[PDB]
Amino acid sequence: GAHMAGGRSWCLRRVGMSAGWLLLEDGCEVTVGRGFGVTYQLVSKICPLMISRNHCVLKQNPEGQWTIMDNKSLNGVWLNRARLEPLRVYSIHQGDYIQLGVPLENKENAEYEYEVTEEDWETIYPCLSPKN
């Protein structure tokens, strides 16, 4: 057998932080936004209204591959810098970077940037955002 604690999972690792990571739980749909219906509610003090109420959706496709989709967000989703077309489904891979929204004036990076990565559960769990 095998302990759950020794497991692995895909996740969105919050760049620059050991907090705010988002779990991509096998077999689940993961929605992200600032509204109250979503799996992970983002709350920004820096710029409350950058992120859309329902900003993006992550889910495995019929082949079992994780994907992301921009849910008609106002300020966009970027996969390695390329702006995603709203509602088109894009496969996401180890090492990909996802940006939600855009950098503010005189800022190098958007607040919400993630690396798509498969990591040990022991690494991920202390860093996860609470579920909404």
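Residue numbers run from 1 along the displayed sequence.
When the modelled residues of the chain are ordered by C-alpha B-factor, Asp26 sits in the highest third. Split the chain's modelled residues into thirds by C-alpha temperature factor. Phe36 is in the highest one. Split the chain's modelled residues into thirds by C-alpha temperature factor. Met17 is in the highest one.
In the PDB entry, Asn106 places in the highest third of its chain by CA B-factor.
Among the modelled residues of its chain, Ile68 has a C-alpha B-factor that falls in the middle third, as given in the PDB entry.
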